[PDB]
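Everything below belongs to input17.tsv, which stores TSV, C-alpha atoms.
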chain	number	residue	atom	x	y	z
K	1	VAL	CA	-211.94	-119.07	127.52
K	2	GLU	CA	-214.91	-117.53	125.72
K	3	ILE	CA	-212.98	-115.27	123.33
K	4	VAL	CA	-210.47	-118.01	122.45
K	5	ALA	CA	-213.23	-120.57	121.92
K	6	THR	CA	-214.86	-117.97	119.67
K	7	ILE	CA	-211.75	-117.32	117.56
K	8	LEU	CA	-210.80	-121.02	117.38
K	9	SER	CA	-214.35	-121.81	116.28
K	10	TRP	CA	-213.58	-119.46	113.37
K	11	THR	CA	-211.26	-122.03	111.81
K	12	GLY	CA	-211.22	-122.83	108.13
K	13	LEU	CA	-211.79	-119.10	107.71
K	14	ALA	CA	-209.49	-116.57	109.39
K	15	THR	CA	-206.52	-118.60	110.42
K	16	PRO	CA	-204.15	-116.78	112.81
K	17	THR	CA	-201.20	-117.49	110.50
K	18	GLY	CA	-199.76	-115.55	107.58
K	19	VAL	CA	-199.65	-112.32	109.62
K	20	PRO	CA	-196.59	-111.45	111.77
K	21	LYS	CA	-198.23	-109.69	114.72
K	22	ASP	CA	-201.14	-112.14	114.67
K	23	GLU	CA	-198.61	-114.98	114.93
K	24	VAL	CA	-196.69	-113.30	117.77
K	25	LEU	CA	-199.90	-112.74	119.74
K	26	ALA	CA	-200.98	-116.33	119.14
K	27	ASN	CA	-197.62	-117.50	120.47
K	28	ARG	CA	-197.87	-115.36	123.60
K	29	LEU	CA	-201.40	-116.70	124.06
K	30	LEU	CA	-200.15	-120.28	123.87
K	31	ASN	CA	-197.22	-119.69	126.23
K	32	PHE	CA	-199.50	-117.88	128.70
K	33	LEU	CA	-202.19	-120.56	128.51
K	34	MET	CA	-199.72	-123.36	129.27
K	35	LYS	CA	-198.10	-121.16	131.93
K	36	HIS	CA	-201.37	-121.00	133.93
K	37	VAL	CA	-203.05	-124.35	133.32
K	38	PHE	CA	-202.99	-125.78	136.84
K	39	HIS	CA	-206.15	-125.20	138.88
K	40	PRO	CA	-206.90	-126.74	142.31
K	41	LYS	CA	-210.15	-127.71	140.58
K	42	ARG	CA	-209.78	-130.74	138.33
K	43	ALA	CA	-212.75	-130.12	136.02
K	44	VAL	CA	-211.59	-126.70	134.85
K	45	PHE	CA	-208.06	-128.16	134.79
K	46	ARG	CA	-209.25	-130.69	132.20
K	47	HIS	CA	-211.13	-127.92	130.41
K	48	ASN	CA	-208.03	-125.71	130.13
K	49	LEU	CA	-206.06	-128.68	128.83
K	50	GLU	CA	-208.76	-129.13	126.17
K	51	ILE	CA	-208.49	-125.43	125.27
K	52	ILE	CA	-204.74	-125.80	124.82
K	53	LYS	CA	-205.08	-128.92	122.70
K	54	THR	CA	-207.74	-127.29	120.51
K	55	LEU	CA	-205.54	-124.21	120.11
K	56	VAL	CA	-202.51	-126.28	119.14
K	57	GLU	CA	-204.31	-128.61	116.74
K	58	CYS	CA	-206.17	-125.71	115.10
K	59	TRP	CA	-203.31	-123.23	114.67
K	60	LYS	CA	-200.49	-125.73	114.07
K	61	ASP	CA	-198.73	-123.38	111.67
K	62	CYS	CA	-197.24	-120.73	113.90
K	63	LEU	CA	-195.56	-123.67	115.49
K	64	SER	CA	-193.60	-122.21	118.41
K	65	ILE	CA	-194.51	-124.96	120.89
K	66	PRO	CA	-193.07	-123.66	124.17
K	67	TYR	CA	-190.80	-126.22	125.76
K	68	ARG	CA	-188.73	-125.34	128.87
K	69	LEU	CA	-191.90	-124.87	130.93
K	70	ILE	CA	-193.47	-128.21	130.28
K	71	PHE	CA	-189.88	-129.31	130.94
K	72	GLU	CA	-189.61	-127.51	134.27
K	73	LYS	CA	-193.15	-128.66	135.02
K	74	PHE	CA	-192.14	-132.31	134.94
K	75	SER	CA	-188.53	-131.64	136.02
K	76	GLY	CA	-189.58	-131.20	139.64
K	77	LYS	CA	-187.90	-133.51	142.15
K	78	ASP	CA	-189.04	-134.79	145.58
K	79	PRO	CA	-191.83	-137.12	144.43
K	80	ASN	CA	-194.29	-136.26	147.19
K	81	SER	CA	-196.62	-133.96	145.23
K	82	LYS	CA	-198.55	-134.22	141.98
K	83	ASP	CA	-196.66	-131.19	140.69
K	84	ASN	CA	-195.13	-133.00	137.71
K	85	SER	CA	-198.52	-134.10	136.35
K	86	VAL	CA	-198.88	-130.79	134.52
K	87	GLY	CA	-195.70	-131.16	132.48
K	88	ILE	CA	-196.24	-134.79	131.52
K	89	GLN	CA	-199.86	-134.09	130.57
K	90	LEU	CA	-198.92	-131.01	128.52
K	91	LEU	CA	-196.29	-133.15	126.80
K	92	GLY	CA	-198.98	-135.75	126.18
K	93	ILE	CA	-201.13	-133.02	124.64
K	94	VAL	CA	-198.41	-131.87	122.27
K	95	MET	CA	-197.60	-135.51	121.42
K	96	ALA	CA	-201.27	-136.37	120.90
K	97	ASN	CA	-200.91	-134.92	117.42
K	98	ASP	CA	-197.82	-135.24	115.17
K	99	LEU	CA	-195.76	-132.65	117.04
K	100	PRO	CA	-192.11	-133.67	117.67
K	101	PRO	CA	-190.67	-132.89	121.10
K	102	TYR	CA	-187.32	-131.84	119.66
K	103	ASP	CA	-185.80	-130.54	122.88
K	104	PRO	CA	-182.35	-128.93	122.57
K	105	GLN	CA	-182.81	-126.72	119.51
K	106	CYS	CA	-184.47	-124.01	121.62
K	107	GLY	CA	-184.12	-125.09	125.26
K	108	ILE	CA	-182.31	-127.49	127.55
K	109	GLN	CA	-180.20	-130.45	126.46
K	110	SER	CA	-182.10	-133.61	125.53
K	111	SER	CA	-179.79	-135.76	127.65
K	112	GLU	CA	-181.25	-134.12	130.76
K	113	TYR	CA	-184.71	-133.22	129.41
K	114	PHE	CA	-185.54	-136.85	128.72
K	115	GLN	CA	-183.58	-137.74	131.86
K	116	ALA	CA	-186.01	-135.82	134.07
K	117	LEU	CA	-188.94	-137.16	132.05
K	118	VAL	CA	-187.79	-140.68	132.92
K	119	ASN	CA	-186.98	-139.82	136.53
K	120	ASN	CA	-190.60	-138.80	136.99
K	121	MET	CA	-191.45	-142.06	135.21

Could you rewrite the structure in this file as structure tokens?
Amino acid sequence: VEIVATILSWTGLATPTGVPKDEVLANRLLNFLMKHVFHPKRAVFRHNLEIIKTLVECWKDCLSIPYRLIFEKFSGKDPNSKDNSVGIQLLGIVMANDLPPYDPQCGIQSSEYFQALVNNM
């Protein structure tokens, strides 16, 4: 949290883009940060979501938005647990800017991606 807040604060100067390995590390950071973003504690949960949204609206140029885990995060069935909240709220984060949720060009077919989105609707 502290080191990423520090590097993100250094925006306008030292963007993480234009360098290959810097971009790859940024992408692993993003995928890892969405991968573990669910904490039994709601305040730090909101905080982590804010970290992710700051990361994605500050980098924005090594695009690489990881689908297929937001997808499997809302794709859960048996609606008796708030397990799908993470995927829909991550999707809301990525939508909160101009990012397009173009599904089936890297992951699972839109006809079932959006299907599970609606089923949890």

Kindly provide the residues of region 56-89 of chain K that approach region 8-18 of chain K to within 8 Å, each paired with its closest atom pair and their distance in Å to one decimal, based on all atoms listed in the file, listed by chain and increasing number, as a tab-separated table.
residue	atom	partner	partner_atom	distance
K:58	CA	K:8	CA	7.0
K:59	CA	K:16	CA	6.8
K:61	CA	K:17	CA	6.5
K:62	CA	K:17	CA	6.1

For the interface of region 68-105 of chain K with region 38-47 of chain K (cut-off 10 Å, counting all atoms listed in the file), please tabulate each contacting residue of region 68-105 of chain K alongside its nearest pair of atoms and their separation in Å to one decimal, rows sorted by chain and increasing number, as a tab-separated table.
residue	atom	partner	partner_atom	distance
K:83	CA	K:38	CA	9.2
K:85	CA	K:38	CA	9.5
K:86	CA	K:38	CA	6.9

Dump as a PDB file, in the coordinates of the input, selection limited to C-alpha atoms:
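The new file selection_30.pdb reads:
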ATOM      1  CA  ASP K  83    -196.660-131.190 140.690  1.00  0.00           C
ATOM      2  CA  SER K  85    -198.520-134.100 136.350  1.00  0.00           C
ATOM      3  CA  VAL K  86    -198.880-130.790 134.520  1.00  0.00           C
TER       4      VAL K  86
END

Exercise for the section: Measuring atom to atom with all atoms listed in the file, identify which of K:82, K:73, K:21, K:36 is nearest to residue 49 (chain K). Expected result: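 Of all the options, K:36 lies closest to residue 49 (chain K).
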
Practice task
One decimal, Å: what's the distance from CA of residue 55 (chain K) over to CA of residue 4 (chain K), could you say?
Solution key: 8.3 Å

Exercise for the section: Have a look at K:53, K:35, K:68, K:28 and name the one nearest to residue 114 (chain K); count all atoms listed in the file. Expected result: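 So, comparing all the options, the nearest one is K:68.
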
Residue contacts of residue 99 (chain K) (9 Å, all atoms listed in the file) excluding same-chain residues fewer than 3 positions away, as an mmCIF file with C-alpha atoms, in the coordinates of the input:
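Output (selection-v9.cif):
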data_model
loop_
_atom_site.group_PDB
_atom_site.id
_atom_site.type_symbol
_atom_site.label_atom_id
_atom_site.label_comp_id
_atom_site.auth_asym_id
_atom_site.auth_seq_id
_atom_site.Cartn_x
_atom_site.Cartn_y
_atom_site.Cartn_z
ATOM 1 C CA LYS K 60 -200.490 -125.730 114.070
ATOM 2 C CA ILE K 65 -194.510 -124.960 120.890
ATOM 3 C CA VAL K 94 -198.410 -131.870 122.270
ATOM 4 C CA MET K 95 -197.600 -135.510 121.420
ATOM 5 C CA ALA K 96 -201.270 -136.370 120.900
ATOM 6 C CA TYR K 102 -187.320 -131.840 119.660
#

Handout entry: Point-to-point distance from CA of residue 37 (chain K) to CA of residue 113 (chain K), Å rounded to tenths
Key =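 If I compute the distance from CA of residue 37 (chain K) to CA of residue 113 (chain K), I get 20.7 Å.
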
Handout entry: Pick from K:64, K:19, K:88, K:109, whichever lies nearest to residue 76 (chain K) using all atoms listed in the file
Key =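 Between K:64, K:19, K:88, K:109, the residue approaching residue 76 (chain K) most closely is K:88.
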
Handout entry: Nearest candidate to residue 77 (chain K) (options K:117, K:34, K:3, K:63; using only C-alpha atoms)
Key =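 With only C-alpha atoms as the atom set, the closest residue is K:117.
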
Handout entry: Among listed residues K:33, K:110, K:116, K:25, nearest residue 54 (chain K) (using all atoms listed in the file)
Key =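 Among the listed residues, the smallest separation from residue 54 (chain K) belongs to K:33.
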
Exercise for the section: Go through K:97, K:20, K:108, K:79 and flag the residue nearest residue 121 (chain K), using all atoms listed in the file for the distances. Expected result: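 Selected residue with least distance to residue 121 (chain K): K:79.
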
Practice task
Calculate how many Å separate CA of residue 89 (chain K) from CA of residue 120 (chain K), rounding to one decimal.
Solution key: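 Between these atoms lies a distance of 12.2 Å.
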